[PDB]
Amino acid sequence: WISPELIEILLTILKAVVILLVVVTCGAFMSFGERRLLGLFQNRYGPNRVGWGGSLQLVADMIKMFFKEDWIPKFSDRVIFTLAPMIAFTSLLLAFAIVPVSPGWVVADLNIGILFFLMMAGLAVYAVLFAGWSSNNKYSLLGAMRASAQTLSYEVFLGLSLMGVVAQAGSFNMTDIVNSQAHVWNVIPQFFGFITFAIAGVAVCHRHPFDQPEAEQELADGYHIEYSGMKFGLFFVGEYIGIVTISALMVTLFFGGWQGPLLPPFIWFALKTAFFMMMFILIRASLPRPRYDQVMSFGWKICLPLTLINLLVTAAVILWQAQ
Amino acid sequence: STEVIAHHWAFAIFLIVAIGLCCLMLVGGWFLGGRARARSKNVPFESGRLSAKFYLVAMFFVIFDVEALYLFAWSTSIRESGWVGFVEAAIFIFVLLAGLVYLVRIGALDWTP
Amino acid sequence: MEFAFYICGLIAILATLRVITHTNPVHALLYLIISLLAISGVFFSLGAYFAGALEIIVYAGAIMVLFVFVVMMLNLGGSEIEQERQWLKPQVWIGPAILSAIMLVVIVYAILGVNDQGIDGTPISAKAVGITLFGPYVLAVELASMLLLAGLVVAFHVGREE
Amino acid sequence: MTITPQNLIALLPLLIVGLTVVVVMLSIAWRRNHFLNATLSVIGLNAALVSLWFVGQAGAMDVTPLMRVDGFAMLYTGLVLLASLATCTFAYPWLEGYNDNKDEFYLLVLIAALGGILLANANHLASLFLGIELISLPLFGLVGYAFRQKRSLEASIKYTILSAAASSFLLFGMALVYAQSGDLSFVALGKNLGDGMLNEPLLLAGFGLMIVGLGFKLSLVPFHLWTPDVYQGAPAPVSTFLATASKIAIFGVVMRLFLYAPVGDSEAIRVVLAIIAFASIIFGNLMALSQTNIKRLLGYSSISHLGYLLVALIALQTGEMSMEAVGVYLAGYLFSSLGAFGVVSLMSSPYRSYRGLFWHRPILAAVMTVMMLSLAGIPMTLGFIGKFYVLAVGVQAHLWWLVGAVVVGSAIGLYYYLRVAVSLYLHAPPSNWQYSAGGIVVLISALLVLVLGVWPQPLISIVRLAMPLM
Amino acid sequence: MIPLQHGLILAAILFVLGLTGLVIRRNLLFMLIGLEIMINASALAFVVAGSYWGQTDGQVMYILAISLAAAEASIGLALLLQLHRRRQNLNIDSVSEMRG
Amino acid sequence: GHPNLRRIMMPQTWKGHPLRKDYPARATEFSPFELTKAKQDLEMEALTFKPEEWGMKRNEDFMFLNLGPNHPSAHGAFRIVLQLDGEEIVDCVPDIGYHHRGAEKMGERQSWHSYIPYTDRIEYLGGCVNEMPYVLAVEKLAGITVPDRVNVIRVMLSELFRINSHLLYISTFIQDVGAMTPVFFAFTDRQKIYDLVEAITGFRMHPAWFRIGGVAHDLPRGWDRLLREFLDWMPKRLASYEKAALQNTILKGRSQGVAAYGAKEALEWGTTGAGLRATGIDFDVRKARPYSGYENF
Ligand SMILES: CCCCCCCCCCCCCCCCCC(=O)OC[C@H](COP(=O)(O)OCCN)OC(=O)CCCCCCCCCCCCCCCCC
Ligand SMILES: CCCCCCCCCCCCCCCCCC(=O)OC[C@H](COP(=O)(O)OCCN)OC(=O)CCCCCCCCCCCCCCCCC
Ligand SMILES: CCCCCCCCCCCCCCCCCC(=O)OC[C@H](COP(=O)(O)OCCN)OC(=O)CCCCCCCCCCCCCCCCC
Ligand SMILES: CCCCCCCCCCCCCCCCCCCC
Ligand SMILES: CCCCCCCCCCCCCCCCCCCC
């Protein structure tokens with residue numbers, strides 16, 4: 001069984017498994033870091049008693065959520081109820097599955113890349129839709145309808161925001177997109193693409209200020225209200241893993257990915273990614289929540305023509321520079 | 001080649017292990033923990049007809065997503081298409097923005113009455 | 001490559017059979033989404049990478065989202081649907097099934113009587129599809145934009161609430 | 001193949017109608033004005049009709065790997081544009097009584113006219129498919145424009161579901177055809193076959209599914225059951241447009257497809273279309289015997305006239321004047337159907353019994369009886385010239401069963417057409433310039449029918465000038 | 001190495017299954033679902049045909065097919081919405097007022 | 001002639017009228033609260049909403065929405081039933097009485113001195129502000145004119161508790177808009193106020209420190225120091241609150257033009273305070289009908 005081909009196969013599989021486990025661990029530890037960084041932002045400490053510095057708080061929450069009674073309503077449809085958190089986790093995990101963290105460290109060097117990310121987001125909206133329908137609660141039903149129409153209103157231009165970087169790199173591949181940022185990062189030319197992708201990625205991740213269950217707690221119309229135990233935990237863990245995925249895609253698409261002058265490439269990638277996770281915390285802790293009609297009006301009247309104009313101007317620059 | 005099939009194996013292992021991870025998470029959550037009964041436990045939590053604007057928003061998402069797929073196909077082949085394809089895509093985006101402006105002005109994209 | 005194609009084709013066939021014989025609209029739409037994922041796997045097996053990407057982005061990500069949206073707003077509790085089960089009643093379904101059966105045998109006779117050198121599975125990237133789309137197929141692009149505009153206007157005019 | 005400025009000047013009606021669509025849409029976005037948007041739509045359609053002159057002076061050439069422009073394309077573009085102009089003219093007094101938004105009607109008419117022009121210019125399977133869909137979907141909107149009404153909503157649902165089924169059938173047919181041949185151009189459909197092996201089963205099955213879709217679109221038996229319901233339930237200007245423009249554009253693209261393809265001269269396809277044409281003529285004439293509704297009667301009339309059209313279709317490869325017969329018949333049928341459905345529209349306008357029509361509306365009664373004599377193929381009318389052309393083409397190719405079917409269906413059509421035309425003059429128990437414009441449109445249609453039935457030579461010369469490429 | 005005939009057979013099977021679902025179901029939603037199945041099967045057949053010949057024309061025809069499918073689904077669901085709004089049922093046999 | 005004369009404090013299945021003199025006040029007079037299955041079902045049936053009984057006067061689209069009665073906010077627990085056309089509120093009627101404590105019946109049940117803790121919990125964000133009119137009215141009954149030091153002490157504590165209540169209100173409004181950090185900082189400022197109030201009275205939210213004729217104790221030695229720390233602490237924090245959340249355009253879009261009324265609607269409905277004075281009507285009790293030596297400030 002000793003052969004270089006089988007050795008390369010096993011090392012590549014081990015690299016993929018290591019990447020997957022590190023992403024899941026980072027998402028959970030980033031739920032904990034959400035709590036700690038909110039404490040830092042709000043002149044307090046947050047959880048710092050369970051273990052050293054609160055580092056064992058995640059393990060305590062994990063034990064609680066595993067040994068909490070997992071319950072499915074009698075009026076609910078079992079398969080859809082059991083399927084919605086699976087979608088909310090798996091869709092954004094497999095969306096991460098194309099992100100290159102280092103030269104030679106990638107799981108799938110696909111020819112579609114961010115197209116595959118668009119496939120996973122379009123599948124990810126089904127988690128909210130299925131959580132709303134499955135619970136057999138009308139309040140959760142209209143909450144899921146509102147959140148799903150919001151995510152459609154921002155998914156309508158998520159890909160078009162990415163298309164400026166796609167046009168500049170000339171390919172759908174992620175590694176070619178990173179390699180096109182070897183001289184200048186894409187945040188400078190595709191700045192409008194950068195802000196529109198930030199807004200759309202925050203909105204499709206159901207993060208503040210686009211979170212629906214935290215928007216209206218008086219109505220009790222959230223689509224999470226009938227989930228408990230490890231299903232609600234899967235909803236939360238998939239939300240934070242989606243935050244990690246969106247931040248890493250933002251780093252690879254607008255901030256050069258792993259490219260840097262002095263540090264090793266994974267150190268630069270982790271630093272830029274963690275900076276964008278901290279910016280997620282700061283966005284949650286800083287901005288007020290707009291109204292529903294205001295949010296979808298900002299999605300439709302403003303951001304989509306901005307993405308179209310950005311793509312048109314990017315194309316004009318590209319063909320102008322190609323003599 | 002060996003590298004491409006190793007990449008395919010790594011991707012397959014990634015998808016399989018992720019799906020098995022969330023499946024085992026469900027198995028552990030359902031199997032572990034005691035269960036107890038209450039009278040109003042099975043009743044849905046309700047703190048103790050939908051409009052057609054949802055359909056309109058989803059419909060607009062579908063239509064503009066198909067035109068987005070057209071621009072997806074354009075964007076990866078911008079340099080080989082040249083200035084002629086730029087003119088065609090400018091006409092395409094002009095029609096797209098005219099339809100968007102028409103939707104805006106007649107209140108189709110206005111959620112509030 | 002061929003094994004994935006045959007498995008995905010079998011999954012798509014079984015899922016479509018489950019859609020056309022179901023009473024729950026949401027279950028039927030979920031099985032339809034599963035069949036669309038399987039047909040996307042078929043597309044990826046044949047080297048049409050862009051076609052599978054569009055199947056999950058657009059067909060399984062926009063159109064079925066619209067169908068699921070509509071089924072949500074209808075609140076279909078199976079009123080005179082689950083209480084009838086008339087499609088499962090045999091003398092209703094024997095006729096059209098044998099109609100589609102003889103049509104399928106005729107189409108299979110047509111298919112088996114053609115030259116087949118096999119599909120080599122060479123991947124066709126989205127760059128070549130985009131070059132062709134804005135090259136020899138430009139009027140198709142602009143008039144398809146006009147077709148989407150026509151559908152937009154038609155379904156806005158029909159599907160208002162007032 | 002790239003696009004040249006000469007290819008742009010060949011694109012003139014398509015570009016003009018598309019620019020009209022954009023301009024009318026932006027004007028609706030500015031301010032909802034029914035008169036100004038209708039005027040803009042009529043101005044754009046008339047501009048395309050005028051620019052057909054520049055297209056003719058441009059010459060006949062190939063603009064795309066998809067489109068081909070020749071005199072055949074000009075003739076069918078002119079027919080579609082005239083039908084759309086008459087549809088707008090009939091639609092304005094009907095839309096004067098519509099409580100909801102009226103401005104989307106002309107947008108849908110313009111997009112359907114765009115699809116008709118594309119079908120006229122189509123030399124490809126992609127252009128054929130896109131033109132069929134670009135005609136169909138605005139007709140989905142227009143048939144159910146008065147969606148509050150029971151009949152209009154029912155007709156819209158029926159037309160939408162059945163045309164989606166026909167679109168899937170047609171698309172699977174060209175999928176099989178492309179799987180066999182490898183090129184989607186019209187000239188290469190069977191070019192890779194020789195030595196008498198043209199009847200390949202996969203190509204024949206793909207063309208059969210295409211025949212299923214197109215025979216839905218042409219109201220051909222046995223895909224004809226939608227025609228009386230969709231004709232009756234739709235608004236009368238929509239019935240006018242669906243009777244004239246859609247049928248003419250789809251039959252023109254079927255003409256071009258069966259001329260250019262090597263598989264078009266297959267024996268099995270010819271026998272299948274002969275059966276379809278025979279059954280279409282006989283069934284459409286027989287099912288209109290006991291119709292008291294004018295719209296269903298004219299739908300069955302459309303089925304019969306399309307059967308005569310298919311009889312003229314079958315002798316394409318043998319006879320030499322089959323295209324000339326189709327053009328003359330289609331000009332006459334456009335004029336007759338425009339007049340008949342226009343008088344029906346003017347009696348159905350504004351949006352809120354043909355017996356005894358002469359005693360309050362004598363001019364419209366005279367126009368109606370002229371068109372019901374025209375659809376019967378009575379001499380001194382252009383429908384007679386079309387029927388004479390169809391019979392001559394059938395006699396040349398020895399299509400004797402089709403000739404007998406035409407004669408028998410002509411007798412049955414004579415029965416019911418004369419029944420209506422003489423029920424006009426029995427005894428039974430407006431005030432705007434657009435209604436007068438519709439009356440002028442139907443009056444010039446009747447005068448054209450009478451003049452070209454007495455003197456058909458200018459129309460024959462015009463149609464003979466519209467010769468497609470060899 | 002995948003035969004073209006097997007892909008065409010799969011597309012034909014999905015096409016006739018969609019037609020069966022279109023015919024045997026009274027509910028307008030299930031007929032729209034069946035129509036979507038038929039047009040997606042035709043798009044699959046066109047993709048297989050384009051992939052055998054090594055041409056992008058199959059994927060271009062697939063793109064046109066899904067554009068038609070999206071717009072037709074939009075129009076059909078709008079008609080279904082109005083039918084449910086004014087009729088309170090989805091029985092397609094109930095709308096049969098026009099006959100003969 | 002009342003449009004609907006139903007009970008507003010007690011449930012509809014209640015026998016007798018509580019504020020009559022022959023009605024027993026205390027719960028120990030009644031049987032102790034037993035919750036059986038039939039009792040739980042019967043009381044859950046009574047809390048269900050029926051469109052016809054509340055005078056809704058109902059179109060095949062008017063859906064009904066339930067807000068409470070459990071309420072995720074600091075200001076009590078209550079219900080609102082909403083008639084909706086799409087998202088538009090066509091009609092609504094508030095359901096109150098879920099927080100009924102019988103404080104007036106306790107006024108008939110406690111003595112003049114012992115009722116002051118119950119006067120504290122009338123508006124539990126007000127404290128000494130709630131104690132002030134009761135002790136003023138009792139001093140009117142007793143013929144007591146309090147000295148000037150008493151008036152200044154009561155004004156000082158009333159303004160301290162007014163700043164506490166307004167801080168909680170602004171923080172809760174900003175949190176309900178969607179910014180969750182000023183509630184943390186405003187409760188820190190509330191802790192500073194609470195330090196001073198604990199030093200003076202010995203309690204945080206319900207001091208019960210005002211008395212008939214004065215206050216319970218003298219001011220402790222060092223009250224001026226804590227008041228100095230609060231007066232130095234407050235204005236920079238308030239300016240940070242404005243700049244961070246109150247001048248945010250998202251908050252302005254959520255707030256400006258929302259539920260607006262004029263002087264006539266404020267006058268006809270008895271609205272007072274900031275809602276009345278935002279209509280331009282200069283009517284404050286401290287300046288129109290001065291009390292407790294508020295004319296010297
Ligand atoms: C509850 C479970 C629901 C279903 C979950 C999924 C079921 C299947 C799980 C097992 C999958 C095993 C692995 C499949 C093959 C992976 C590798 C692959 O697709 O390789 C082909 C191709 C290679 O690309 P490349 O190398 O760049 O091409 C040049 C030529 N070699 O690469 C590609 O073509 C890449 C594009 C295809 C990738 C597909 C990934 C999965 C898609 C489905 C996601 C489902 C999400 C959850 C459910 C949503 C709701 C139903
Ligand atoms: C195991 C038994 C069945 C168990 C239950 C069902 C599980 C899911 C089965 C379907 C999905 C996995 C199929 C197996 C794929 C394994 C990888 C493979 O075959 O790769 C071959 C090929 C790689 O690309 P290529 O370049 O063509 O390779 C030539 C060599 N250089 O690959 C390709 O070209 C494309 C590979 C397929 C496309 C990507 C994956 C699509 C996934 C679709 C899921 C659909 C929903 C499934 C729901 C299941 C539950 C009901
Ligand atoms: C990894 C990716 C993510 C990384 C994290 C960092 C990026 C996060 C981006 C978050 C974006 C949130 C966008 C929220 C938009 C809200 C728009 C809206 O609806 O505003 C409504 C408001 C008033 O609306 P109006 O119609 O005027 O109402 C009048 C009624 N009296 O209108 C207004 O107030 C007008 C202004 C609207 C907002 C404009 C856009 C602001 C975006 C947030 C600031 C971002 C700054 C850069 C941060 C660093 C990024 C690295
Ligand atoms: C938020 C960041 C998530 C990262 C997930 C993937 C982690 C992969 C770790 C790879 C480590 C080795 C990288 C190559 C060697 C160069 C760097 C060496 C020092 C770390
Ligand atoms: C209330 C209206 C119900 C309409 C149901 C229609 C069902 C049609 C069933 C057709 C069955 C055909 C069986 C085979 C016929 C012979 C083979 C095909 C023709 C040669």
# chains A, B, ... in the order shown; residues from 1 in each chain; ligands from 1
call {"tool": "residues_around", "arguments": {"residues": "stretch 246-248 of chain A", "least_positions_apart": "2", "cutoff": "7 Å", "atoms": "only C-alpha atoms", "output": "PyMOL selection string"}}
result
chain A and resi 201+242-244+250-252+273+276-277
call {"tool": "residues_around", "arguments": {"residues": "residue E:63", "least_positions_apart": "4", "cutoff": "8 Å", "atoms": "only C-alpha atoms", "output": "list in words"}}
result
residues 51 of chain C; 59 and 67 of chain E
call {"tool": "interface_residues", "arguments": {"of": "chain C", "to": "chain D", "cutoff": "8 Å", "atoms": "only C-alpha atoms", "output": "PyMOL selection string"}}
result
chain C and resi 107+109-111+113-115+135-137+139-140+143-144+146-147+150-151+153-155+157-158
call {"tool": "write_last_selection", "arguments": {"atoms": "N, CA, C and O atoms", "output": "tab-separated table (two decimals), in the first residue's frame"}}
result
chain	number	residue	atom	x	y	z
C	107	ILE	N	-40.57	6.96	-27.88
C	107	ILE	CA	-39.39	7.83	-27.77
C	107	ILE	C	-38.13	7.00	-27.52
C	107	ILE	O	-37.05	7.33	-28.03
C	109	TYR	N	-37.69	3.92	-28.66
C	109	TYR	CA	-37.40	3.35	-29.98
C	109	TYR	C	-36.66	4.38	-30.83
C	109	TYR	O	-35.69	4.03	-31.52
C	110	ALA	N	-37.08	5.64	-30.77
C	110	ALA	CA	-36.38	6.70	-31.49
C	110	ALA	C	-34.95	6.88	-30.99
C	110	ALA	O	-34.02	7.05	-31.79
C	111	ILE	N	-34.77	6.85	-29.67
C	111	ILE	CA	-33.46	7.12	-29.07
C	111	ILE	C	-32.48	5.99	-29.38
C	111	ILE	O	-31.33	6.24	-29.74
C	113	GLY	N	-32.30	4.06	-31.87
C	113	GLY	CA	-31.95	3.93	-33.26
C	113	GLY	C	-31.14	5.09	-33.82
C	113	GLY	O	-31.36	5.51	-34.95
C	114	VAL	N	-30.19	5.60	-33.02
C	114	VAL	CA	-29.33	6.69	-33.45
C	114	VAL	C	-27.89	6.31	-33.15
C	114	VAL	O	-27.61	5.45	-32.32
C	115	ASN	N	-26.97	6.95	-33.88
C	115	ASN	CA	-25.55	6.72	-33.66
C	115	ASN	C	-25.11	7.31	-32.32
C	115	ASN	O	-25.51	8.42	-31.95
C	135	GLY	N	-21.59	36.15	-28.44
C	135	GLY	CA	-21.02	36.06	-29.76
C	135	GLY	C	-22.07	35.72	-30.80
C	135	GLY	O	-22.78	36.60	-31.31
C	136	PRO	N	-22.18	34.44	-31.15
C	136	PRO	CA	-23.19	34.02	-32.13
C	136	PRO	C	-24.63	34.00	-31.62
C	136	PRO	O	-25.52	33.59	-32.38
C	137	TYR	N	-24.91	34.42	-30.39
C	137	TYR	CA	-26.24	34.29	-29.81
C	137	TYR	C	-26.68	35.59	-29.14
C	137	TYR	O	-27.19	35.58	-28.01
C	139	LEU	N	-28.90	38.15	-30.26
C	139	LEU	CA	-30.32	38.43	-30.33
C	139	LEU	C	-31.10	37.54	-29.38
C	139	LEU	O	-32.12	37.96	-28.84
C	140	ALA	N	-30.61	36.32	-29.16
C	140	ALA	CA	-31.19	35.45	-28.14
C	140	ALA	C	-31.10	36.09	-26.76
C	140	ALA	O	-32.07	36.06	-26.00
C	143	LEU	N	-33.53	39.38	-26.72
C	143	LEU	CA	-34.93	39.01	-26.74
C	143	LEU	C	-35.32	38.10	-25.58
C	143	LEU	O	-36.50	38.08	-25.21
C	144	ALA	N	-34.37	37.41	-24.95
C	144	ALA	CA	-34.67	36.72	-23.70
C	144	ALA	C	-34.82	37.71	-22.56
C	144	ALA	O	-35.63	37.49	-21.65
C	146	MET	N	-36.09	40.67	-23.08
C	146	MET	CA	-37.44	41.14	-23.35
C	146	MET	C	-38.50	40.13	-22.93
C	146	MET	O	-39.59	40.51	-22.50
C	147	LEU	N	-38.20	38.83	-23.04
C	147	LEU	CA	-39.13	37.80	-22.59
C	147	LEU	C	-39.30	37.82	-21.07
C	147	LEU	O	-40.41	37.68	-20.56
C	150	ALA	N	-41.41	40.74	-20.31
C	150	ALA	CA	-42.81	40.44	-20.58
C	150	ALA	C	-43.43	39.63	-19.46
C	150	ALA	O	-44.55	39.91	-19.03
C	151	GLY	N	-42.72	38.61	-18.98
C	151	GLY	CA	-43.21	37.84	-17.85
C	151	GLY	C	-43.36	38.68	-16.59
C	151	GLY	O	-44.32	38.52	-15.84
C	153	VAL	N	-44.02	41.99	-16.48
C	153	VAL	CA	-45.19	42.85	-16.64
C	153	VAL	C	-46.48	42.05	-16.51
C	153	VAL	O	-47.43	42.47	-15.82
C	154	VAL	N	-46.53	40.86	-17.13
C	154	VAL	CA	-47.73	40.03	-17.12
C	154	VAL	C	-48.07	39.60	-15.70
C	154	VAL	O	-49.21	39.76	-15.24
C	155	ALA	N	-47.09	39.05	-14.98
C	155	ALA	CA	-47.39	38.54	-13.65
C	155	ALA	C	-47.53	39.65	-12.61
C	155	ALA	O	-48.20	39.43	-11.60
C	157	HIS	N	-49.20	42.45	-13.47
C	157	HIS	CA	-50.57	42.85	-13.75
C	157	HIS	C	-51.58	41.84	-13.21
C	157	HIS	O	-52.64	42.22	-12.72
C	158	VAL	N	-51.25	40.55	-13.29
C	158	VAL	CA	-52.18	39.53	-12.82
C	158	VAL	C	-52.14	39.43	-11.30
C	158	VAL	O	-53.18	39.48	-10.63
call {"tool": "residues_around", "arguments": {"residues": "residue B:24", "least_positions_apart": "4", "cutoff": "12 Å", "atoms": "only C-alpha atoms", "output": "ChimeraX atom specification"}}
result
/A:66,86,230-231,234 /B:16-20,28-32
call {"tool": "closest_residue", "arguments": {"among": "A:38, A:147, A:253, A:317", "to": "chain F", "atoms": "only C-alpha atoms"}}
result
A:38
call {"tool": "interface_residues", "arguments": {"of": "chain B", "to": "chain E", "cutoff": "8 Å", "atoms": "only C-alpha atoms", "output": "PyMOL selection string"}}
result
chain B and resi 59+62-63+66
call {"tool": "residues_near_ligand", "arguments": {"ligand": "ligand 3", "cutoff": "6 Å", "atoms": "only C-alpha atoms and all ligand atoms", "output": "list in words"}}
result
residues 198, 199, 201, 202, 246, 247, 250, 276, 279, 280, 283, 290, 294, 295 and 298 of chain A; 249, 250, 253 and 256 of chain F
call {"tool": "write_last_selection", "arguments": {"atoms": "N, CA and C atoms", "output": "mmCIF file, in the first residue's frame"}}
result
data_model
loop_
_atom_site.group_PDB
_atom_site.id
_atom_site.type_symbol
_atom_site.label_atom_id
_atom_site.label_comp_id
_atom_site.auth_asym_id
_atom_site.auth_seq_id
_atom_site.Cartn_x
_atom_site.Cartn_y
_atom_site.Cartn_z
ATOM 1 N N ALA A 198 -20.624 43.272 1.330
ATOM 2 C CA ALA A 198 -20.731 43.296 2.786
ATOM 3 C C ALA A 198 -22.188 43.314 3.227
ATOM 4 N N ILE A 199 -22.986 44.200 2.623
ATOM 5 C CA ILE A 199 -24.397 44.327 2.988
ATOM 6 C C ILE A 199 -25.149 43.039 2.670
ATOM 7 N N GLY A 201 -23.913 39.945 2.218
ATOM 8 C CA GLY A 201 -23.458 38.833 3.033
ATOM 9 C C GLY A 201 -23.955 38.906 4.463
ATOM 10 N N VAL A 202 -24.046 40.118 5.018
ATOM 11 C CA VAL A 202 -24.649 40.276 6.339
ATOM 12 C C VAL A 202 -26.130 39.913 6.290
ATOM 13 N N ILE A 246 -18.601 33.973 5.314
ATOM 14 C CA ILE A 246 -18.741 35.260 4.640
ATOM 15 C C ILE A 246 -17.495 36.113 4.852
ATOM 16 N N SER A 247 -16.927 36.082 6.062
ATOM 17 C CA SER A 247 -15.712 36.844 6.338
ATOM 18 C C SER A 247 -14.526 36.325 5.532
ATOM 19 N N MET A 250 -14.987 37.282 1.964
ATOM 20 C CA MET A 250 -14.678 38.701 1.834
ATOM 21 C C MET A 250 -13.175 38.938 1.782
ATOM 22 N N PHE A 276 -12.475 40.775 10.238
ATOM 23 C CA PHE A 276 -13.839 40.919 9.732
ATOM 24 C C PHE A 276 -14.885 40.296 10.659
ATOM 25 N N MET A 279 -15.392 42.958 13.061
ATOM 26 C CA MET A 279 -16.254 43.956 12.439
ATOM 27 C C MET A 279 -17.714 43.516 12.420
ATOM 28 N N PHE A 280 -17.973 42.210 12.299
ATOM 29 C CA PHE A 280 -19.331 41.695 12.481
ATOM 30 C C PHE A 280 -19.853 42.006 13.879
ATOM 31 N N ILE A 283 -20.553 45.751 14.102
ATOM 32 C CA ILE A 283 -21.773 46.095 13.378
ATOM 33 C C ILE A 283 -23.000 45.723 14.199
ATOM 34 N N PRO A 290 -33.065 48.959 10.990
ATOM 35 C CA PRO A 290 -34.040 49.676 10.164
ATOM 36 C C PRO A 290 -35.341 48.894 10.039
ATOM 37 N N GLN A 294 -37.994 49.796 4.704
ATOM 38 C CA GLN A 294 -36.749 50.528 4.490
ATOM 39 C C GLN A 294 -35.619 49.595 4.075
ATOM 40 N N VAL A 295 -35.529 48.424 4.712
ATOM 41 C CA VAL A 295 -34.457 47.476 4.411
ATOM 42 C C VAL A 295 -34.591 46.946 2.987
ATOM 43 N N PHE A 298 -33.831 49.680 0.461
ATOM 44 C CA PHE A 298 -32.390 49.839 0.304
ATOM 45 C C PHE A 298 -31.787 48.691 -0.494
ATOM 46 N N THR F 249 -29.413 58.217 11.603
ATOM 47 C CA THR F 249 -30.481 58.387 10.624
ATOM 48 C C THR F 249 -31.375 57.161 10.519
ATOM 49 N N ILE F 250 -30.867 55.977 10.864
ATOM 50 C CA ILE F 250 -31.720 54.795 10.923
ATOM 51 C C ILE F 250 -32.722 54.925 12.065
ATOM 52 N N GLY F 253 -35.274 57.484 10.959
ATOM 53 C CA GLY F 253 -36.241 56.880 10.060
ATOM 54 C C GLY F 253 -37.220 55.968 10.769
ATOM 55 N N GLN F 256 -39.019 59.301 13.355
ATOM 56 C CA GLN F 256 -39.629 60.548 12.905
ATOM 57 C C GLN F 256 -40.857 60.273 12.046
#
